[PDB]
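Enquirer: Dropping a structure here in structure tokens format, bear with me for questions.
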Amino acid sequence: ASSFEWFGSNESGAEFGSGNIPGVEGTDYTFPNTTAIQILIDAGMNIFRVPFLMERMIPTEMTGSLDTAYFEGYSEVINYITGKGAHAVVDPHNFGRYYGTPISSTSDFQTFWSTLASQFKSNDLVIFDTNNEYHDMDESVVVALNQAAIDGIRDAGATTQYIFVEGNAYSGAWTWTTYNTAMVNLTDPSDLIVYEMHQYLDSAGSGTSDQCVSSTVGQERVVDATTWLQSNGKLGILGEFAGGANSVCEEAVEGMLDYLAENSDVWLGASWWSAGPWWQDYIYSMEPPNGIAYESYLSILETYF
Ligand SMILES: *[C@@H]1O[C@H](CO)[C@@H](O[C@@H]2O[C@H](CO)[C@@H](O)[C@H](O)[C@H]2NC(C)=O)[C@H](O)[C@H]1NC(C)=O
């Protein structure tokens, strides 16, 4: 069958042009292309993470109502993914901020998630991702925000879906034990928490260059996090990762994923960053037919499918 339970791609677009809230569809932002998603489904991928902006989903206050247009464009892509039998990760790509302000209301954040999860409650293939890449916030608040998210999700009766929780410091795997050990104190009625981390292999780990530090940096940056999951009896998914289209980066990726496949009892899978229809020139574009990463990594990544 497989090495991992899941392996797939992020599908970007709905989170673009975040300077313009609400912005205009087709100008500031778009929704992912279902035809292009099917090409990746055809290839063997079975999980897709679809970013969006909290402010476009629920404008003005996070206790408010849905924007019907933006939600229905987003819903359309989520339900295509689950319609084909693959898991769809619902990802408010917000860095723990709302209208630019670090989120500090656990009740307004729990109300946000109740409203959102209530529209997916009976879709067993939806995955909930509490927020993309918390950073530069207090660890206590971050953990409470992940707990508030779990609480609103279940309250609304979405109890069969996995919840992806993310840590501080951009939820990096290589820094996980430095900053996010507190995240062990998270609880779920359904007991379906997966710890989602991100790892890039360039100098800063910021994922902004196509050069990797070395052919072994990828394995190096996931060891500690692998031990932490095994130690505390938790589960993980690498929700984002990428490398440049050169052999040093490719070898780093392979040895990173080798090490995670060797530890698949804690690692449930991985998700490449990123596919989507507006990436063009992007160094990590997984979008068919021409994206650089589609051209250089798809063959590589299928060996782990
Ligand atoms: C959505 O994806 C499909 C397939 O990747 C794109 O369709 C291709 O479009 C090119 C350029 O317009 C055509 O020449 C190909 O014949 C199409 N291929 C297939 C398999 O249909 C489609 O354009 C994408 N939508 C976008 C980018 O907005």
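Just so it is clear, none of the values below were taken in a lab; they were calculated from the coordinates. Neighbour counts are summed over all protein chains in view; Cβ atoms, including those assigned to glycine, are modelled from backbone coordinates with ideal geometry.
Enquirer: Every residue in the stretch 174-207 that is closer than 23 Å to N10 by Cβ, touching a strand residue (DSSP E or B) at 6+ places or on another chain (Cβ under 8 Å) and free of Cβ contacts under 8 Å to residues at least 40 places away in the same chain, please.
Expert: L192, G205, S206, listed by residue number.
Enquirer: If you don't mind, another one. Here is a check on your reading of the model: is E240 within 22 Å of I39 (Cα to Cα), in contact with a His (Cβ under 8 Å, 6 or more places away or on another chain) and not small (G, A, S)? Can you show your working first?
Expert: Details: within 22 Å of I39 (Cα to Cα): yes; in contact with a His (Cβ under 8 Å, 6 or more places away or on another chain): yes; not small (G, A, S): yes.
Judged against the criteria, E240 is a match.
Enquirer: Show me the strands (runs of 3 or more DSSP E) found entirely inside the stretch 23-138 where at least 1 residues are within 16 Å of the ligand (Cβ to nearest atom), buried (at least 22 other Cβ atoms within 10 Å of the Cβ) and at negative phi. Even if it seems obvious, please write down each step before you answer.
Expert: On the way: elements: 47-52, 87-92, 126-129.
Because the criterion is at least 1 residues that are within 16 Å of the ligand (Cβ to nearest atom), buried (at least 22 other Cβ atoms within 10 Å of the Cβ) and at negative phi, the strands (runs of 3 or more DSSP E) in the stretch 23-138 that meet it are 47-52.
Enquirer: List pairs: first residue in the stretch 289-304 and in contact (Cβ under 8 Å) with a residue 24 or more places away in the chain, second residue within 14 Å of the ligand (Cβ to nearest atom) anywhere in the structure, Cβ distance under 7 angstrom, at least six positions apart or on different chains.
Expert: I292/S285; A293/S285; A293/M286; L298/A43; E302/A43
Enquirer: Of the residues that sit in the stretch 253-281 and are under 13 Å from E11 (Cβ atoms) and surrounded by 19 or more Cβ atoms within 10 Å (Cβ to Cβ), which one is farthest from the chain's Cα centre (by Cα)? Break it down into steps so the answer makes sense when it comes.
Expert: Let us first name the residues in the stretch 253-281 that are under 13 Å from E11 (Cβ atoms), namely 271-279.
Then keep just the ones that are surrounded by 19 or more Cβ atoms within 10 Å (Cβ to Cβ); that gives 271-276, 279.
Numbers: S271: 7, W272: 9, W273: 9, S274: 10, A275: 12, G276: 14, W279: 17 Å.
Filtering the stretch 253-281 for residues that are under 13 Å from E11 (Cβ atoms) and surrounded by 19 or more Cβ atoms within 10 Å (Cβ to Cβ), the one farthest from the chain's Cα centre (by Cα) comes out as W279.
Enquirer: State yes or no: is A225 in contact with a helix residue (DSSP H, G or I) (Cβ under 7 Å, 6 or more places away or on another chain) and either under 24 Å from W272 (Cα atoms) or not β-branched (V, I, T) (or both)?
Expert: When the stated conditions are applied, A225 passes them.
Enquirer: Within the stretch 2-19, how many residues are out of contact with any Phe, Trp or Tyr (no Cβ under 8 Å at 6 or more places or on another chain) and over 22 Å from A270 (Cα atoms)?
Expert: 2
Enquirer: Can you pull out every residue in the stretch 1-22 that is within 16 Å of the ligand (Cβ to nearest atom) and under 17 Å from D129 (Cβ atoms)? I'd like the intermediate steps shown before the answer.
Expert: Step one: filter the stretch 1-22 for residues within 16 Å of the ligand (Cβ to nearest atom), giving 9, 11-14, 16.
Scanning the stretch 1-22 gives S9, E11, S12, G13, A14.
Enquirer: Quick one: is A14 in a helix (DSSP H, G or I), in contact (Cβ under 8 Å) with a residue 12 or more places away in the chain and either more than 15 Å from the chain's Cα centre (by Cα) or closer than 19 Å to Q280 by Cβ (or both)? Quick ask: steps written out before the conclusion?
Expert: Working: in a helix (DSSP H, G or I): no; in contact (Cβ under 8 Å) with a residue 12 or more places away in the chain: yes; either more than 15 Å from the chain's Cα centre (by Cα) or closer than 19 Å to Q280 by Cβ (or both): yes.
Spelling it out, it is not the case that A14 is in a helix (DSSP H, G or I), in contact (Cβ under 8 Å) with a residue 12 or more places away in the chain and either more than 15 Å from the chain's Cα centre (by Cα) or closer than 19 Å to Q280 by Cβ (or both).
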